[PDB]
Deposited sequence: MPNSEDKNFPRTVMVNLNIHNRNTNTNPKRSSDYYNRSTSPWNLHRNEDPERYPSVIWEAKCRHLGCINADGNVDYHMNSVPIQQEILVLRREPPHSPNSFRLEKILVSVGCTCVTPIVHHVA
């Protein structure tokens, strides 16, 4: 139990040209801070080629990143949390299949 105090008060259109473009999904969880997390979801299974068409010889895959969130502890607590690790998609990349 290393309890610390945190003051919660704090003081893109280029990725549309990507060969593995993605859309943003709003992920809401009332038991978490931040309650709203934007998760990227790849638009296509393949990648956009030179002609602007979807080529299935390449794959758009999401980039999964481990992020820290605050989980309310005990549940529904407005002022006490525990640090937690979750996996979120931050964008998409284009990979050459195996």
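Mapping the modelled residues onto the deposited sequence reveals missing stretches at 1-9, 21-31, 119-123.
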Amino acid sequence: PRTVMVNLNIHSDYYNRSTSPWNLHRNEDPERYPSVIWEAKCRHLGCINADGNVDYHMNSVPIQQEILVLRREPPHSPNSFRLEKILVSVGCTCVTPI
From here on, numbers count along this sequence of modelled residues.
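Of the other entries compared for this protein that flank it with modelled residues, a third or more give no atoms for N79. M5 sits in the lowest third of its chain by CA B factor, as recorded in the PDB entry. Split the chain's modelled residues into thirds by C-alpha temperature factor. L24 is in the highest one. Among all modelled residues in its chain, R72 ranks in the highest third by Cα B-factor.
When the modelled residues of the chain are ordered by their C-alpha B factor, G52 lands in the middle third.
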